[PDB]
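upload09.cif (mmCIF, C-alpha atoms and all ligand atoms) appears below.
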```
data_work
loop_
_atom_site.label_atom_id
_atom_site.label_comp_id
_atom_site.auth_asym_id
_atom_site.auth_seq_id
_atom_site.Cartn_x
_atom_site.Cartn_y
_atom_site.Cartn_z
CA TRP O 6 45.95 6.88 98.07
CA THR O 7 47.68 3.77 96.74
CA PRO O 8 47.74 0.31 98.36
CA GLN O 9 51.37 0.69 99.42
CA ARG O 10 51.10 4.24 100.79
CA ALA O 11 47.89 3.48 102.70
CA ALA O 12 49.32 0.27 104.14
CA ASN O 13 52.55 2.06 105.11
CA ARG O 14 50.60 4.52 107.21
CA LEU O 15 48.60 1.79 108.94
CA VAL O 16 51.69 -0.34 109.61
CA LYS O 17 53.06 2.63 111.56
CA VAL O 18 49.81 2.74 113.55
CA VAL O 19 50.09 -0.98 114.30
CA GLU O 20 53.68 -0.53 115.48
CA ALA O 21 52.81 2.39 117.74
CA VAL O 22 49.65 0.88 119.22
CA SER O 23 51.37 -2.46 119.84
CA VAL O 24 54.25 -0.80 121.67
CA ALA O 25 51.86 1.32 123.72
CA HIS O 26 49.89 -1.77 124.79
CA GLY O 27 52.99 -3.93 125.27
CA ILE O 28 51.76 -6.61 122.83
CA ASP O 29 52.98 -8.29 119.67
CA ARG O 30 52.40 -6.49 116.38
CA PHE O 31 51.35 -9.68 114.56
CA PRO O 32 48.88 -10.90 113.65
CA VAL O 33 47.42 -7.49 112.88
CA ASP O 34 44.13 -6.67 114.66
CA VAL O 35 42.23 -5.48 111.60
CA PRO O 36 38.90 -4.57 113.25
CA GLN O 37 40.69 -2.13 115.58
CA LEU O 38 42.28 -0.39 112.60
CA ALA O 39 39.04 -0.36 110.63
CA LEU O 40 37.21 1.44 113.44
CA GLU O 41 40.02 4.03 113.62
CA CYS O 42 40.55 4.35 109.87
CA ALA O 43 38.54 7.54 109.31
CA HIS O 44 40.44 9.16 112.18
CA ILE O 45 43.79 7.97 110.82
CA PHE O 46 43.06 9.32 107.33
CA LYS O 47 41.12 12.42 108.43
CA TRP O 48 37.73 11.53 106.93
CA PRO O 49 34.17 12.24 108.13
CA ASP O 50 32.46 8.91 107.25
CA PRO O 51 33.85 6.14 109.49
CA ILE O 52 33.52 2.40 109.53
CA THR O 53 31.28 2.08 112.60
CA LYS O 54 30.72 -1.69 112.74
CA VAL O 55 32.89 -4.70 111.90
CA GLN O 56 30.62 -7.71 112.14
CA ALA O 57 30.94 -11.45 111.63
CA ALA O 58 28.13 -13.20 109.78
CA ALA O 59 27.50 -16.50 108.03
CA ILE O 60 27.53 -15.32 104.41
CA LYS O 61 26.52 -17.42 101.40
CA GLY O 62 28.09 -16.66 98.05
CA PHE O 63 30.74 -14.17 99.14
CA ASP O 64 33.25 -13.76 101.94
CA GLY O 65 33.22 -10.05 102.80
CA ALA O 66 31.40 -6.81 102.19
CA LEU O 67 31.55 -3.08 102.82
CA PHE O 68 28.17 -1.30 102.84
CA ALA O 69 27.64 2.48 102.98
CA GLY O 70 24.98 3.50 105.47
CA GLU O 71 22.15 5.92 104.91
CA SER O 72 23.50 9.06 103.23
CA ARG O 73 26.99 7.52 103.18
CA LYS O 74 27.81 8.88 106.65
CA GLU O 75 29.03 5.53 108.03
CA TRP O 76 30.11 2.13 106.73
CA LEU O 77 29.51 -1.47 107.78
CA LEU O 78 32.26 -4.06 107.26
CA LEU O 79 30.73 -7.55 107.16
CA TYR O 80 32.92 -10.66 107.08
CA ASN O 81 32.02 -14.30 106.73
CA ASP O 82 32.76 -16.55 109.70
CA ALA O 83 31.13 -19.78 108.44
CA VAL O 84 33.13 -22.69 106.97
CA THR O 85 36.33 -20.62 106.94
CA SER O 86 39.45 -19.94 109.02
CA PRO O 87 40.87 -17.14 111.16
CA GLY O 88 43.43 -16.43 108.45
CA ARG O 89 40.78 -16.09 105.76
CA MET O 90 38.70 -13.82 108.01
CA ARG O 91 41.64 -11.53 108.75
CA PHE O 92 42.52 -11.23 105.07
CA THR O 93 38.88 -10.51 104.16
CA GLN O 94 38.73 -7.79 106.80
CA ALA O 95 41.91 -6.20 105.45
CA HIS O 96 40.63 -6.50 101.87
CA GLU O 97 37.40 -4.67 102.73
CA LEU O 98 39.41 -2.04 104.61
CA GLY O 99 41.34 -1.62 101.35
CA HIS O 100 38.09 -0.86 99.51
CA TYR O 101 37.17 1.65 102.22
CA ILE O 102 40.48 3.52 101.86
CA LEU O 103 41.01 3.22 98.12
CA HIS O 104 37.69 2.78 96.32
CA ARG O 105 34.70 3.83 98.42
CA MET O 106 33.86 6.94 96.37
CA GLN O 107 33.31 4.67 93.35
CA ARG O 108 30.42 2.57 94.67
CA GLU O 109 27.72 2.34 97.31
CA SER O 110 28.89 -1.10 98.41
CA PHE O 111 31.32 -3.94 97.76
CA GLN O 112 30.61 -7.69 97.98
CA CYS O 113 33.68 -9.87 97.52
CA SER O 114 34.13 -13.60 96.99
CA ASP O 115 36.93 -16.00 97.90
CA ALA O 116 38.03 -15.71 94.26
CA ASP O 117 38.39 -11.96 94.72
CA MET O 118 40.71 -12.62 97.68
CA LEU O 119 42.95 -14.90 95.55
CA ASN O 120 43.16 -12.56 92.56
CA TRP O 121 46.37 -10.80 93.41
CA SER O 122 47.78 -8.94 90.45
CA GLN O 123 49.59 -5.70 89.73
CA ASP O 124 46.83 -4.29 87.47
CA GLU O 125 45.89 -0.99 89.12
CA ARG O 126 42.48 -0.91 87.39
CA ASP O 127 41.42 -4.19 89.05
CA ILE O 128 40.02 -2.99 92.35
CA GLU O 129 39.91 -6.52 93.79
CA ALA O 130 43.59 -7.01 93.04
CA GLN O 131 44.33 -3.59 94.53
CA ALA O 132 42.48 -4.46 97.75
CA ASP O 133 44.43 -7.72 97.89
CA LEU O 134 47.73 -5.88 97.47
CA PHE O 135 46.73 -3.52 100.27
CA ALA O 136 45.88 -6.47 102.52
CA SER O 137 49.20 -8.14 101.72
CA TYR O 138 51.16 -4.97 102.56
CA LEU O 139 49.27 -4.39 105.82
CA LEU O 140 49.23 -7.93 107.15
CA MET O 141 52.69 -9.05 105.95
CA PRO O 142 54.98 -5.99 105.84
CA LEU O 143 57.95 -7.00 103.72
CA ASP O 144 60.56 -5.67 106.17
CA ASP O 145 59.35 -8.24 108.68
CA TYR O 146 58.33 -10.98 106.24
CA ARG O 147 61.79 -11.10 104.63
CA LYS O 148 63.25 -12.09 108.01
CA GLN O 149 61.11 -15.26 107.99
CA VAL O 150 62.50 -16.67 104.70
CA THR O 151 66.30 -16.76 104.62
CA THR O 152 68.25 -19.88 103.67
CA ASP O 153 65.53 -22.16 102.32
CA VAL O 154 61.93 -22.21 101.17
CA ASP O 155 59.46 -25.03 101.75
CA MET O 156 55.89 -25.44 102.93
CA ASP O 157 56.99 -25.61 106.58
CA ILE O 158 58.74 -22.22 106.34
CA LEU O 159 55.80 -20.66 104.51
CA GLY O 160 53.36 -22.29 106.92
CA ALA O 161 55.22 -20.61 109.78
CA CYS O 162 54.76 -17.29 107.98
CA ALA O 163 51.03 -18.00 107.71
CA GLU O 164 50.83 -18.65 111.45
CA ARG O 165 52.92 -15.60 112.33
CA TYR O 166 50.84 -13.14 110.26
CA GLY O 167 47.52 -14.88 110.86
CA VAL O 168 46.74 -15.52 107.19
CA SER O 169 46.10 -18.59 105.07
CA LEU O 170 48.95 -20.69 103.75
CA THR O 171 47.93 -19.60 100.24
CA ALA O 172 48.25 -15.91 101.18
CA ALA O 173 51.68 -16.52 102.75
CA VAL O 174 52.89 -18.24 99.56
CA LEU O 175 51.48 -15.44 97.37
CA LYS O 176 53.37 -12.90 99.48
CA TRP O 177 56.62 -14.77 98.89
CA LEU O 178 55.95 -14.97 95.14
CA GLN O 179 55.24 -11.23 95.11
CA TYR O 180 58.82 -10.34 95.99
CA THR O 181 61.15 -13.35 95.67
CA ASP O 182 64.05 -13.43 93.23
CA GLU O 183 63.46 -17.17 92.85
CA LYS O 184 61.61 -18.66 89.87
CA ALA O 185 58.55 -20.31 91.40
CA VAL O 186 54.92 -21.01 90.51
CA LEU O 187 52.00 -21.80 92.83
CA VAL O 188 49.22 -23.93 91.32
CA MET O 189 45.90 -24.47 93.08
CA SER O 190 43.95 -27.50 91.87
CA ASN O 191 40.82 -29.46 92.74
CA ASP O 192 39.88 -32.99 91.66
CA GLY O 193 42.80 -33.19 89.24
CA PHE O 194 42.28 -29.85 87.48
CA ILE O 195 44.10 -26.54 87.74
CA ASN O 196 41.95 -23.64 88.93
CA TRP O 197 44.53 -20.93 89.67
CA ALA O 198 48.21 -20.30 89.02
CA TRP O 199 50.51 -17.50 90.13
CA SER O 200 54.18 -16.94 89.26
CA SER O 201 57.00 -15.03 90.83
CA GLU O 202 58.23 -12.19 88.64
CA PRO O 203 61.40 -14.09 87.57
CA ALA O 204 59.25 -17.10 86.67
CA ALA O 205 56.85 -14.97 84.62
CA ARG O 206 59.74 -13.30 82.78
CA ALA O 207 61.12 -16.77 81.95
CA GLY O 208 57.83 -18.08 80.54
CA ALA O 209 56.88 -20.13 83.58
CA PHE O 210 53.23 -19.20 84.10
CA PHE O 211 49.77 -20.60 83.41
CA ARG O 212 46.78 -18.56 82.22
CA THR O 213 43.48 -19.87 83.61
CA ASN O 216 39.86 -22.69 81.47
CA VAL O 217 40.03 -25.83 83.63
CA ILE O 218 43.12 -27.75 82.62
CA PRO O 219 44.24 -31.21 83.82
CA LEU O 220 47.33 -31.51 85.97
CA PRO O 221 50.38 -33.17 84.36
CA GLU O 222 49.90 -36.92 84.52
CA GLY O 223 53.40 -37.45 85.93
CA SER O 224 53.26 -34.68 88.52
CA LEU O 225 53.13 -35.32 92.24
CA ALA O 226 50.01 -33.12 92.20
CA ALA O 227 48.10 -35.58 90.02
CA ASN O 228 48.66 -38.53 92.26
CA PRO O 229 45.75 -38.68 94.78
CA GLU O 230 47.84 -41.11 96.84
CA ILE O 231 50.56 -38.52 97.59
CA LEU O 232 48.92 -36.43 100.28
CA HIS O 233 51.78 -34.00 100.84
CA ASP O 234 55.42 -33.25 100.02
CA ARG O 235 56.39 -30.26 102.10
CA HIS O 236 60.03 -29.91 100.95
CA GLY O 237 59.65 -30.84 97.30
CA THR O 238 60.66 -33.77 95.15
CA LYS O 239 63.14 -33.18 92.34
CA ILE O 240 61.61 -34.09 88.95
CA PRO O 241 62.20 -32.96 85.35
CA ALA O 242 61.01 -29.42 84.67
CA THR O 243 59.44 -30.69 81.42
CA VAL O 244 56.76 -32.42 83.51
CA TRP O 245 55.23 -28.97 83.98
CA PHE O 246 57.00 -26.76 81.41
CA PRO O 247 57.37 -28.74 78.20
CA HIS O 248 59.82 -26.36 76.52
CA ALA O 249 62.32 -26.47 79.38
CA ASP O 250 65.65 -28.00 78.43
CA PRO O 251 65.45 -31.74 79.12
CA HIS O 252 68.02 -31.91 81.95
CA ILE O 253 66.65 -29.02 84.02
CA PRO O 254 65.17 -30.12 87.36
CA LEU O 255 62.28 -28.66 89.30
CA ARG O 256 61.23 -29.23 92.90
CA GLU O 257 57.52 -29.93 93.29
CA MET O 258 55.94 -29.41 96.70
CA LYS O 259 52.41 -30.52 97.50
CA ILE O 260 50.06 -29.84 100.37
CA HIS O 261 46.34 -29.96 101.00
CA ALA O 262 45.03 -26.42 101.55
CA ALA O 263 42.67 -27.05 104.44
CA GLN O 264 41.55 -23.41 104.49
CA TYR O 265 40.38 -23.62 100.84
CA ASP O 266 39.79 -27.40 100.55
CA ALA O 267 42.05 -27.65 97.51
CA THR O 268 45.54 -28.85 96.60
CA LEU O 269 48.51 -26.49 96.45
CA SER O 270 51.54 -27.25 94.29
CA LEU O 271 54.60 -25.02 94.63
CA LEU O 272 57.05 -25.46 91.78
CA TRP O 273 60.60 -24.20 92.24
CA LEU O 274 62.84 -23.85 89.15
CA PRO O 275 66.60 -23.16 88.96
CA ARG O 276 67.44 -19.49 88.69
CA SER O 277 68.76 -19.95 85.14
CA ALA O 278 65.71 -21.75 83.73
CA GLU O 279 63.92 -20.40 80.66
CA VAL O 280 60.82 -22.21 79.41
CA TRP O 281 59.49 -20.15 76.53
CA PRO O 282 58.77 -22.09 73.33
CA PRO O 283 61.22 -21.99 70.42
CA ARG O 284 60.99 -18.83 68.32
CA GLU O 285 59.39 -19.97 65.07
ZN ZN X 301 36.70 -6.77 97.04
#
```

Spell out the structure here as C-alpha cells.
Amino acid sequence: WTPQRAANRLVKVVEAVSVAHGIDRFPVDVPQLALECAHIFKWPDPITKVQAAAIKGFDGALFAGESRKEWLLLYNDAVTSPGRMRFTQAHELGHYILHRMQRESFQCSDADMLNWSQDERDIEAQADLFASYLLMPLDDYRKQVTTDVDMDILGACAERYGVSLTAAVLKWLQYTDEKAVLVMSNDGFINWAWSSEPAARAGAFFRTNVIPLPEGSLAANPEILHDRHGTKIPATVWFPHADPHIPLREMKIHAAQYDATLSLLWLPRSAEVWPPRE
C-alpha cells in the first residue's frame, strides 16, 4: 500500500458511512476508521483501542500488543488542539496501514507531524502524506481555494477539515501552481520552511540550522501581530537574488496551535530567485 492508495480507499469509506448516517463527511472521524481499519483492509490484527492521554515528549503512538495480535493508538490531548489531535490520529493510522510490519511500535513528535515531504523512505513524511490525503481529499479541498489565497481562506479550510492552520497551508502548498513558501519561526528565528513545487523549482526554498528572520520582514517585527491578506514588499527582502523590482506578498499570523509565527510568502508566477550562474 501507498499513502495515496490507502487514503483513497478510506475516503470512500468516509463517504459511504457519512451518507448512511446522514451526516457531514468532514471533519473525518479518525477513531471510527482506525477501529474498522483491519476489516477494511482484510487483516487479522486490528487497532482495538484509540485512547487520549497526556503525553510528554511526543504527540502520538502506535503500540503492538502481546504477540502483535492487536494495536493501541495513543494520542496526546494535553496542551494541544482538536486539529492537532485529528492529524496525529490519522498519522498513526498511516503507520498502521503502511509501516507496521517494520517495527513493534511508533512514537511520533510534533516535528514528525510537520515533516511533510515526498521522500518515500521517510516513514514520518509518508504517514503525514497519508494523513493529508485522508483528512483533506484534494477533490474537495480544491473547491475551497478558488479566486484568492490568504490566511482567512486557509483558516476556513482548517476549520472545515478539522486540522491545524499549518496543516491546511501545507496541503495548499502540496498542490498549488502558485509560487509560495511557508516559514514557521519562534522568537525571531526560522525553524521550518516549506515551498510549493513551483517555488522550489524557482529556487525559493530554505533548508533548515536556526537562522534569523530578515530584518525588514513583517515577520521580524514583534509589533505586527498579524497580516492575514499580505503586504506587498520587495522579494529581495526574503530572496536576495530576485530581480530588484519583483514584489512579494508577506502574510503573518500567530499559530496558536503551535505557539509560533507563520509567514506565508507569495511570489509572482514568473519569479526566479536562483543565484547567478558563476
Ligand atoms: Zn510517525

Enumerate residues in contact with ligand ZN 301 (chain X): an atom-to-atom distance of at most 8 Å, counting all atoms listed in the file. Format the result as a PyMOL selection string.
chain O and resi 65-66+96-97+100+111-114+117-118+128-130+132-133

Using only C-alpha atoms, collect all residues at a distance of at most 10 Å from (48.5, -20.8, 101.7) as written in the file, then present them as a VMD selection string.
chain O and resid 88 to 89 156 159 to 160 162 to 163 168 to 176 187 189 260 to 265 268 to 269

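If you measure from each of O:241, O:208, O:229, O:142 to residue 14 of chain O using all atoms listed in the file, the closest one turns out to be O:142.
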
Just give me the residues with any atom within 7 Å of (43.6, -10.0, 113.9), file coordinates, counting all atoms listed in the file, written as a PyMOL selection string.
chain O and resi 32-35+91+167

All residues 9 Å or closer to residue 60 of chain O, only C-alpha atoms, same chain fewer than 6 positions away omitted, as a CSV table (one decimal) with C-alpha atoms, keeping the file's coordinate frame:
```csv
chain,number,residue,atom,x,y,z
O,79,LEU,CA,30.7,-7.6,107.2
O,80,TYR,CA,32.9,-10.7,107.1
O,81,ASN,CA,32.0,-14.3,106.7
O,82,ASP,CA,32.8,-16.6,109.7
O,83,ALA,CA,31.1,-19.8,108.4
```

Could you check which of O:157, O:257, O:202, O:64 is closest to residue 94 of chain O, using all atoms listed in the file?
O:64

As a list in words, please: the residues near segment 283-285 of chain O (cut-off 12 Å, all atoms listed in the file, same-chain neighbours under 6 positions excluded).
residues 208, 247, 248, 249 and 250 of chain O

Calculate, to one decimal in Å, the centre and edge lengths of the box along x, y and z of the file that holds all listed atoms of segment 108-114 of chain O with 3 Å of margin on each side, and present them as lines of an AutoDock Vina configuration file.
```
center_x = 30.9
center_y = -5.5
center_z = 96.5
size_x = 12.4
size_y = 22.2
size_z = 9.7
```

With all atoms listed in the file as the counted atoms, please give the residues lying no more than 9 Å from residue 13 of chain O, apart from itself and same-chain residues fewer than 5 positions off, as a count of residues only.
5

Give me the residues near residue 195 of chain O as a PDB file with C-alpha atoms, keeping the file's coordinate frame, where near means some atom within 10 Å (using all atoms listed in the file) and where sequence neighbours in that chain fewer than 5 positions away do not count.
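File result11.pdb, as written:
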```pdb
ATOM      1  CA  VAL O 188      49.220 -23.930  91.320  1.00  0.00           C
ATOM      2  CA  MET O 189      45.900 -24.470  93.080  1.00  0.00           C
ATOM      3  CA  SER O 190      43.950 -27.500  91.870  1.00  0.00           C
ATOM      4  CA  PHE O 211      49.770 -20.600  83.410  1.00  0.00           C
ATOM      5  CA  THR O 213      43.480 -19.870  83.610  1.00  0.00           C
ATOM      6  CA  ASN O 216      39.860 -22.690  81.470  1.00  0.00           C
ATOM      7  CA  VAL O 217      40.030 -25.830  83.630  1.00  0.00           C
ATOM      8  CA  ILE O 218      43.120 -27.750  82.620  1.00  0.00           C
ATOM      9  CA  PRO O 219      44.240 -31.210  83.820  1.00  0.00           C
ATOM     10  CA  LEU O 220      47.330 -31.510  85.970  1.00  0.00           C
ATOM     11  CA  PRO O 221      50.380 -33.170  84.360  1.00  0.00           C
ATOM     12  CA  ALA O 226      50.010 -33.120  92.200  1.00  0.00           C
ATOM     13  CA  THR O 268      45.540 -28.850  96.600  1.00  0.00           C
ATOM     14  CA  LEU O 269      48.510 -26.490  96.450  1.00  0.00           C
ATOM     15  CA  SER O 270      51.540 -27.250  94.290  1.00  0.00           C
TER      16      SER O 270
END
```

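When only C-alpha atoms are used to compute distances to residue 245 of chain O, the closest of the residues O:154, O:259, O:186, O:230 turns out to be O:186.
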
Pick from O:50, O:183, O:266, O:20: nearest to residue 153 of chain O, with all atoms listed in the file counted?
O:183

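Going from atom CA of residue 71 of chain O over to atom CA of residue 125 of chain O, you cover 29.3 Å.
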
Using all atoms listed in the file, can you tell me which of O:36, O:110, O:222, O:62 comes closest to residue 90 of chain O?
O:36

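Remark: for residue 7 of chain O, the closest of the candidate residues O:141, O:102, O:55, O:204 is O:102 (distances computed over all atoms listed in the file).
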
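The two atoms in question, atom CA of residue 225 of chain O and atom CA of residue 193 of chain O, are spaced 11.0 Å apart.
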
Taken to one decimal, the atom CA of residue 203 of chain O-atom CA of residue 276 of chain O distance is 8.2 Å

Just want the 12 Å neighbourhood of residue 151 of chain O, counted on all atoms listed in the file, with same-chain residues fewer than 6 positions away dropped. Output as a VMD selection string.
chain O and resid 145 158 to 159 177 181
